[PDB]
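**Q** Below is one structure. I have some questions about it.
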2 protein chains.
Amino acid sequence: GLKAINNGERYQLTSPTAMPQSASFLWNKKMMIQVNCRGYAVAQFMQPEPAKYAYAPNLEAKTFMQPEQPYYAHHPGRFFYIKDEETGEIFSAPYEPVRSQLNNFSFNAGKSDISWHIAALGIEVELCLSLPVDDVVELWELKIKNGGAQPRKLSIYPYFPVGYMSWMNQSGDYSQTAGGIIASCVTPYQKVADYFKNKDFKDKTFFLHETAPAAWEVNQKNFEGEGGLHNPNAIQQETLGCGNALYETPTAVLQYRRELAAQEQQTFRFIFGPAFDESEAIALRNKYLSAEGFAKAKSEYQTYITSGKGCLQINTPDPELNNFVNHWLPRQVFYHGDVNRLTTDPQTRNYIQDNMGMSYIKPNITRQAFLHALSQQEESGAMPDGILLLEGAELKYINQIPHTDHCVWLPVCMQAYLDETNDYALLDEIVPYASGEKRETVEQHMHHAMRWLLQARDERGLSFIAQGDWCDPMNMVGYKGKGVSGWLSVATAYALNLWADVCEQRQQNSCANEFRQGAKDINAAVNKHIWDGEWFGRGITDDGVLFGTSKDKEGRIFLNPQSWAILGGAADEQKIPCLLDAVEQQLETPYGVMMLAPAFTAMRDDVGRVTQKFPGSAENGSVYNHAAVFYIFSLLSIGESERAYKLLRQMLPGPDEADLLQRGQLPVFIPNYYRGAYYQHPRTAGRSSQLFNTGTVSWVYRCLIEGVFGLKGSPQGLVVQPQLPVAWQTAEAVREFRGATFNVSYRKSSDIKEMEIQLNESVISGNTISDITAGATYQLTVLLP
Amino acid sequence: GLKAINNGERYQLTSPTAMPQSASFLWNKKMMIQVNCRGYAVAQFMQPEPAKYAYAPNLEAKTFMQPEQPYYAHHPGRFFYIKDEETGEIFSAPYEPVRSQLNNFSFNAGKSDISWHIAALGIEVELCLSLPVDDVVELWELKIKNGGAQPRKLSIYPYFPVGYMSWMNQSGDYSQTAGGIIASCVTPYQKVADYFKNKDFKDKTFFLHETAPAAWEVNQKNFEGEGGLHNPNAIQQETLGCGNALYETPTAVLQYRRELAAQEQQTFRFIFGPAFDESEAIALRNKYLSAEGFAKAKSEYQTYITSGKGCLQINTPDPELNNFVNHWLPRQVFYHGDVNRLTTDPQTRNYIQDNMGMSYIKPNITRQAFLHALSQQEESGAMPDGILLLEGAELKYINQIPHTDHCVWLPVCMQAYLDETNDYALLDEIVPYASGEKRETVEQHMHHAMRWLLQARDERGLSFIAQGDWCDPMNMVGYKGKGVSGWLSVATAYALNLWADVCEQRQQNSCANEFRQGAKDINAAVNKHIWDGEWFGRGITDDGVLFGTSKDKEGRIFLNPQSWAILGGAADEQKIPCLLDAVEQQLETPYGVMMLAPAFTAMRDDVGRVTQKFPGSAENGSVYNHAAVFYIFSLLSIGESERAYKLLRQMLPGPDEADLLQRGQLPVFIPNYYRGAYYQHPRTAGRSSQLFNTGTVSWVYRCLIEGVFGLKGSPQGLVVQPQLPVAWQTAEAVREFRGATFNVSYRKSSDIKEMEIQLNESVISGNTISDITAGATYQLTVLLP
Ligand SMILES: O=C(O)[C@H](O)[C@@H](O)[C@H](O[C@@H]1O[C@H](CO)[C@@H](O)[C@H](O)[C@H]1O)[C@H](O)CO
Ligand SMILES: O=C(O)[C@H](O)[C@@H](O)[C@H](O[C@@H]1O[C@H](CO)[C@@H](O)[C@H](O)[C@H]1O)[C@H](O)CO
Ligand SMILES: [Cl-]
Ligand SMILES: [Cl-]
């Protein structure tokens with residue numbers, strides 16, 4: 001079974017085998033953890049760069065998680081073994097590593113915690129994980145109850161494998177003074193500069209108990225012996241051996257021996273995490289490891305999540321949609337803008353898009369993000385490929401490979417901020433540039449960005465692509481310096497048209513004319529060179545080849561140039577229906593719209609690395625949700641209400657059982673992708689990546705707020721412009737907007753020919769609520785034909 | 001049990017649990033594999049840089065093996081499951097992953113193969129692995145026999161897990177045309193230049209059968225199901241499901257169904273390895289996958305190993321020593337010089353030392369190695385930190401961090417070559433330098449190297465250490481440009497004294513004087529600044545601190561400055577006994593001599609990274625065999641015969657049972673280290689690193705040939721100078737030397753006061769056999785007091 005519980009606070013799966021990849025996530029200001037339903041977990045923290053405290057059993061690469069991450073028996077996880085001392089029978093919570101028969105299983109994804117209930121052998125177990133807001137530590141609460149009528153003698157063994165920490169130096173031992181296990185290493189390196197750089201690393205891992213145990217074991221191999229994780233030798237014997245690790249793989253295993261009366265329950269607390277030294281571990285222990293410490297952290301964390309609850313609560317005829325939107329969407333949006341994906345150098349397009357989502361949650365964060373991003377703009381007007389969030393950080397990985405699209409996001413996402421807040425006064429703030437002495441207003445910086453986009457075009461008037469655009473791995477179209485992007489061109493026309501509208505609102509009329517003319521020039525170039533007759537191509541290679549066209553067998557159509565041609569005006573009214581039909585025919589699937597099709601099955605080396613991905617995975621033809629929601633937004637922009645909703649709703653798994661089993665995910669987030677290549681590889685199509693990091697969700701939230709429910713800001717007030725699916729006879733929403741609350745009731749009427757709006761029971765004229773007082777509540781009734 | 005079998009060809013362990021880390025190795029011109037006794041394996045190949053075809057289940061770091069490498073259930077390996085179709089009972093060969101009760105177990109390390117015999121359920125299994133000489137492929141032969149009296153219906157399942165190949169693209173499927181499983185990936189990258197660089201990668205892994213199977217499975221998770229590796233679901237059912245992998249972790253599993261008569265045995269052949277494409281896999285199949293192909297490869301491989309058999313066979317009163325020296329030592333030496341550790345940029349000290357070993361095996365390889373190494377000498381005289389073996393290769397890892405000792409090895413190892421071969425004519429060969437147009441003789445290059453060592457000294461006359469010397473991770477003594485090395489100084493005096501002796505043999509008298517004077521100057525500086533009263537210090541830091549002294553609590557004495565002071569002449573007759581005693585008191589252990597003591601337990605940042613290793617591991621205080629044999633060689637140089645032999649013999653595990661169990665290794669190689677820190681951490685002391693890559697063995701072979709058995713070359717012929725341990729009443733050796741064979745019999749006599757030598761039964765005068773005819777055999781009798 002799989003359903004919402006606890007009044008929306010949690011979401012419960014009752015089989016540990018039906019959906020074995022399913023998972024949920026938690027984060028805080030400094031860490032994140034992905035927890036699998038069977039007890040595997042991946043945890044990363046910042047110090048200030050990424051690191052981990054629970055390691056693989058081998059020397060793993062520097063990485064967090066892969067899409068569709070597979071687990072294996074020794075993957076890091078969070079386990080508790082229970083042993084009936086009378087019978088010798090054992091089981092483990094949550095399910096791994098023993099995989100015993102259980103009488104009851106629940107995995108509960110929470111807004112603020114992750115928990116399990118299980119039962120075996122008549123013993124009832126509860127496990128609850130949460131994090132505090134500001135420190136790196138896991139708070140673990142275990143409850144064990146004898147559910148039967150006679151006393152029961154049990155051994156209870158936390159098993160938190162530390163893994164292979166380092167080939168230079170790893171060890172571990174029990175510390176009575178810390179009250180638990182302290183594993184220790186030295187992170188490997190070779191260069192002297194790295195010794196200086198690594199000085200403040202938290203290269204100890206602690207596992208501390210509140211209640212002193214009977215015994216412990218710190219050596220992984222001693223724990224397993226021949227019995228392995230299925231039946232550890234250390235657990236077969238009466239008492240753990242109390243061994244240490246001396247350049248041996250360390251582990252964290254404790255043992256409690258209890259005789260529990262009928263119906264008796266006992267609670268045990270632990271914390272797990274990294275530390276510089278034992279002193280820091282003890283500081284965490286004193287702050288957190290108690291009933292009071294756990295309750296204070298929980299109260300503070302629930303407060304943090306509620307601070308990010310957002311501006312929209314809905315009550316539609318679709319209860320799965322209600323649950324997702326009300327309870328899960330805003331937390332996922334909030335994570336992205338609040339901690340910027342836990343990177344010290346966010347990709348600029350990610351920083352600006354994730355902060356755009358924040359406009360609906362905590363817009364002062366958005367405001368400061370624009371100020372920060374623009375302070376790092378180059379004097380040319382160009383934006384850097386990443387934005388540094390800490391002095392001393394550097395551009396890493398894809399951010400060192402030249403992509404050309406960074407400036408497009410500025411006005412595209414500023415428009416959401418300005419519409420929601422009406423904070424045009426941001427445009428007057430003064431900020432520096434990345435180099436030089438010039439300090440200019442936001443508005444001037446934006447003009448220089450749009451001038452950059454206009455200058456970074458070839459003689460045909462089309463945008464250079466270099467080693468990629470929005471599609472990060474699209475690296476061989478323009479690497480010789482001549483290739484151009486179809487998508488970047490259409491999106492630059494959109495950006496320029498939006499920014500000209502701002503300039504016109506600001507009385508910057510010369511600018512408005514200049515950018516409007518820019519946008520027409522690009523659109524005309526696009527129509528001349530990129531349009532392929534039934535859809536827009538994707539780009540022109542360094543050697544002059546148009547691709548993403550009907551002559552290409554793989555990558556015959558890409559979604560992005562279509563959505564963005566719709567938004568930026570390259571697609572007129574006669575080309576629009578060609579796009580809709582071609583997308584439906586070639587890209588739509590039951591799991592959502594694919595970003596390109598057919599997927600590439602081999603390298604095409606004038607397009608590049610994207611074509612080497614497995615067909616259907618990631619940018620190579622998946623249902624890549626971020627591209628899908630750009631299409632949904634383009635659809636809303638032209639009033640294609642039914643098609644917009646249909647494709648948005650496809651992003652949420654369930655309630656169809658086959659759908660839920662095939663995507664394999666709990667419906668508590670939208671992943672970066674569901675597997676595509678639907679025609680080529682049907683068996684796997686729909687499978688969830690399980691990756692909760694995705695720019696999709698800022699845009700999905702915007703589409704629902706402003707487009708489907710149609711409650712959008714303007715300089716006059718709240719614009720009522722709903723695009724509800726026709727199946728809905730009635731719906732309600734509660735919209736928070738500029739400090740006020742709107743209780744909106746939507747109802748279909750066959751008495752009217754045109755929408756009618758009532759505010760506090762009086763019919764209004766027009767579609768705008770203009771008189772908004774902070775702290776007030778308004779009743780809005782919207783009757784629709 | 002653990003013993004030599006097959007007339008020395010193999011070495012057999014009969015418990016899969018007593019020595020669970022034990023392992024043996026195979027190599028060829030392009031690959032190596034370390035095979036664990038329970039069925040785990042690590043395999044690397046060159047194309048021309050390192051790569052693998054069997055992956056971990058996660059995204060592993062670029063690495064081969066760690067010292068004391070731990071395994072875990074999903075580590076790569078080489079397995080076969082047997083299922084009794086009547087009972088459903090299963091077991092796996094060799095032992096993992098099921099770990100069933102077996103009725104018989106043998107793991108056979110071979111000179112040219114690795115094999116197992118096991119039995120369970122009345123079924124007798126044989127497994128044999130070997131490699132061809134020149135292609136990258138594993139040749140696997142499986143035999144299954146019903147050892148009982150009634151027919152038996154069995155399913156037989158090879159299980160060769162491919163692992164997690166790539167996050168960009170991984171897959172696999174069955175190919176009837178190839179006749180087996182083909183897994184495929186694209187190695188991840190981001191930079192366009194890497195696409196060009198990676199073009200010829202063998203990114204397919206094949207598992208091909210000679211005999212067509214009943215069924216197959218390519219998806220790892222489908223193979224395991226809930227049952228895991230202990231009881232795979234695919235094996236529970238009647239027939240494998242014939243599944244593929246589509247961006248899922250692939251595997252190689254086949255199934256044969258057989259009804260075997262009483263006493264019936266069947267043979268099945270497979271090959272496993274990497275390929276560019278199916279065409280290459282089929283080429284390997286046609287060449288190898290047959291009884292004829294396996295026999296041709298085996299015959300060619302045994303020939304290759306016999307070509308490396310070396311120059312010394314011994315018959316001593318110690319049968320463990322005999323076995324090791326005769327059967328295992330020469331193959332380990334041969335590996336090092338023949339394939340240079342499978343790196344395209346060997347560390348210069350490793351290249352020169354490993355090639356020195358070759359002087360006793362195939363000296364033309366040694367000769368060409370000096371020619372190659374010196375062609376890359378810098379015009380200054382300095383040697384580079386590595387030697388490039390392929391055009392386009394680069395210096396990697398430690399070779400990019402400046403170390404100062406590279407030139408010292410030239411005359412130290414040239415001396416062995418000249419003594420063995422008498423090829424002074426090498427000195428006349430003309431070779432270029434790394435830059436510039438100068439082409440000079442070997443002799444001139446050597447003079448420039450020794451002038452470099454003399455110039456690279458401070459005002460005190462001591463050698464700069466920069467970021468390290470022989471001790472690779474000794475990186476913080478001289479990183480600011482002032483620190484100097486105690487060891488490098490004493491070894492430079494040795495190098496100069498040897499090279500002056502060559503110059504004197506070559507009538508280069510000015511050079512002889514110049515370098516002899518250099519050596520005295522350095523030795524005097526060493527005695528003034530480095531000698532600490534009872535032993536020589538290790539170095540002086542940038543801030544002027546002498547370390548490796550009696551005032552240091554950790555790192556109180558280092559072995560190297562003592563051995564090298566003995567060799568180079570810094571240690572006179574009055575200081576020698578102080579060194580011997582201090583080494584005995586502080587560094588000697590039952591497992592061999594430690595390289596420093598007490599081990600460092602925390603960073604000391606004017607010594608550096610070495611001090612951060614776990615105490616007792618690697619350079620931080622292990623029994624680091626390469627340093628140990630430098631001491632043994634220094635001992636032989638002063639006639640400390642008993643102490644030399646004792647410490648050399650300590651390098652060979654066994655026959656003491658406790659010793660064999662504690663080191664945990666088969667006695668078929670000498671590892672780079674046995675764990676030290678004997679006083680600080682007794683529990684783990686002696687544990688083998690299991691690393692067969694080590695420069696130790698060229699020197700151990702030289703010590704036995706020239707020092708213990710005392711059969712050493714000179715410009716006059718064969719010098720007889722034995723240092724046998726006194727316990728030996730008699731011994732024999734067979735020495736191959738300059739094309740002739742010497743059958744040497746050694747016998748102790750109380751009738752003589754001084755050694756007597758007879759050649760073909762006539763007493764000779766002096767200690768040199770001067771008349772050596774190629775192809776002849778001589779009988780030498782050496783009577784000792
Ligand atoms: O090859 C790769 O590493 C990966 O495919 C990344 O490019 C990708 O990264 C995303 O790829 C999007 C589409 O290319 C891009 O618009 C976002 O800015 C970037 O965060 C992943 O979602 C990161 O999890
Ligand atoms: O920190 C490290 O990576 C390792 O300790 C290496 O330095 C070491 O490498 C050896 O270390 C020796 C002593 O330092 C050195 O003389 C040899 O040239 C070098 O091959 C290993 O034996 C490679 O397996
Ligand atoms: Cl795209
Ligand atoms: Cl040393």
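If you're wondering about the labels, chains in the structure tokens are A, B, ... by order shown, residues count from 1 in each chain, ligands from 1 in order shown.
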Give me the residues of chain B that have any atom at most 8 Å from an atom of ligand 2; for each, the nearest atom pair and the distance in Å, rounded to one decimal. Use only C-alpha atoms and all ligand atoms, sort by chain and number, and format it as CSV.
**A**
```
residue,atom,partner,partner_atom_place_in_ligand_line,distance
B:66,CA,ligand 2,24 (O),7.5
B:67,CA,ligand 2,24 (O),7.4
B:347,CA,ligand 2,18 (O),6.1
B:348,CA,ligand 2,18 (O),7.7
B:349,CA,ligand 2,18 (O),5.6
B:350,CA,ligand 2,18 (O),5.3
B:398,CA,ligand 2,3 (O),7.1
B:469,CA,ligand 2,16 (O),7.8
B:470,CA,ligand 2,16 (O),4.4
B:471,CA,ligand 2,14 (O),3.6
B:472,CA,ligand 2,14 (O),3.7
B:473,CA,ligand 2,1 (O),5.4
B:474,CA,ligand 2,14 (O),7.7
B:609,CA,ligand 2,1 (O),7.9
B:610,CA,ligand 2,1 (O),7.3
B:618,CA,ligand 2,5 (O),5.8
B:619,CA,ligand 2,14 (O),6.0
B:626,CA,ligand 2,16 (O),7.8
B:672,CA,ligand 2,22 (O),6.1
B:691,CA,ligand 2,24 (O),7.2
B:693,CA,ligand 2,24 (O),6.6
B:694,CA,ligand 2,22 (O),6.5
B:695,CA,ligand 2,17 (C),7.4
```
**Q** Dump C-alpha atoms for the selected residues as a tab-separated table (two decimals), in the first residue's frame?
**A**
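Output contents, as saved in selection_0.tsv:
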```tsv
chain	number	residue	atom	x	y	z
B	66	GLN	CA	45.16	-0.70	-1.85
B	67	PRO	CA	47.56	-2.24	0.69
B	347	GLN	CA	59.05	6.36	-11.37
B	348	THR	CA	62.71	6.71	-12.34
B	349	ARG	CA	64.01	4.98	-9.20
B	350	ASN	CA	61.60	2.12	-9.89
B	398	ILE	CA	53.80	11.39	-7.41
B	469	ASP	CA	63.65	11.51	-1.72
B	470	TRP	CA	63.38	7.66	-1.73
B	471	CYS	CA	60.59	8.14	0.87
B	472	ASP	CA	57.95	9.36	-1.57
B	473	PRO	CA	55.62	10.97	1.06
B	474	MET	CA	58.44	12.74	2.92
B	609	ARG	CA	52.59	13.29	4.66
B	610	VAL	CA	54.42	10.12	5.69
B	618	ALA	CA	53.63	1.68	4.45
B	619	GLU	CA	56.41	4.24	4.98
B	626	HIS	CA	62.57	-2.49	0.19
B	672	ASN	CA	55.87	-4.29	-0.37
B	691	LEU	CA	50.99	-6.06	-2.80
B	693	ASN	CA	54.52	-4.68	-6.79
B	694	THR	CA	57.76	-3.91	-5.00
B	695	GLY	CA	61.37	-3.00	-5.85
```
**Q** If we count only C-alpha atoms, which residues of chain A reach to within 6 Å of chain B? Please list them as a list in words.
**A** residues 59, 60, 61, 168, 169, 613 and 614 of chain A
**Q** Which polymer residues have any atom within 8 Å of an atom of region 115-129 of chain A, counting only C-alpha atoms, with same-chain residues fewer than 5 positions away left out, as a ChimeraX atom specification?
**A** /A:84,91,93-94,101-110,138-148
**Q** Taking only C-alpha atoms and all ligand atoms into account, which residues have an atom no farther than 8 Å from ligand 3? I'd like them as a list in words.
**A**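 Within the 8 Å cut-off, the matching residues are residues 470, 471, 487, 538, 558, 559, 560, 561, 595, 596, 619 and 627 of chain A.
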**Q** Please return, as a PyMOL selection string, all residues of region 506-575 of chain A that DSSP assigns to strand (DSSP E or B) on the basis of the backbone.
**A** chain A and resi 531+536+539-540+546-547+557-558
**Q** Write the residues of the selection above to a file with C-alpha atoms, as a short mmCIF file (atom, residue, chain, number, x, y, z; two decimals), in the first residue's frame.
**A**
```cif
data_model
loop_
_atom_site.label_atom_id
_atom_site.label_comp_id
_atom_site.auth_asym_id
_atom_site.auth_seq_id
_atom_site.Cartn_x
_atom_site.Cartn_y
_atom_site.Cartn_z
CA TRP A 531 12.62 26.38 -39.06
CA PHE A 536 12.18 24.33 -35.36
CA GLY A 539 21.11 24.13 -33.94
CA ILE A 540 23.58 24.51 -36.86
CA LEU A 546 21.03 21.90 -39.27
CA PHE A 547 20.10 19.22 -36.87
CA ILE A 557 12.79 16.72 -32.96
CA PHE A 558 13.86 18.48 -29.79
#
```
**Q** Residues at most 10 Å from residue 425 (chain B), counting only C-alpha atoms, excluding those fewer than 3 positions away in the same chain, as a list in words?
**A**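 Near residue 425 (chain B), the qualifying residues are residues 418, 422, 428, 429, 442 and 443 of chain B.
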**Q** For the residues in that selection, give me N, CA and C atoms as a short mmCIF file (atom, residue, chain, number, x, y, z; two decimals), in the first residue's frame.
**A**
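File written: again12.cif
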```cif
data_model
loop_
_atom_site.label_atom_id
_atom_site.label_comp_id
_atom_site.auth_asym_id
_atom_site.auth_seq_id
_atom_site.Cartn_x
_atom_site.Cartn_y
_atom_site.Cartn_z
N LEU B 418 77.19 -4.07 -14.64
CA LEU B 418 78.58 -4.19 -15.13
C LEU B 418 79.25 -5.43 -14.50
N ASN B 422 79.91 -7.71 -17.48
CA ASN B 422 81.15 -7.10 -18.00
C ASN B 422 80.96 -6.25 -19.21
N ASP B 428 80.13 3.38 -23.91
CA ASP B 428 80.38 4.05 -25.13
C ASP B 428 79.25 4.41 -26.08
N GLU B 429 78.05 3.86 -25.76
CA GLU B 429 76.88 4.14 -26.57
C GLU B 429 76.50 5.60 -26.45
N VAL B 442 77.00 7.34 -22.91
CA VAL B 442 76.51 6.90 -21.58
C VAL B 442 77.40 7.38 -20.47
N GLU B 443 78.73 7.14 -20.65
CA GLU B 443 79.70 7.57 -19.65
C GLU B 443 79.58 9.11 -19.36
#
```
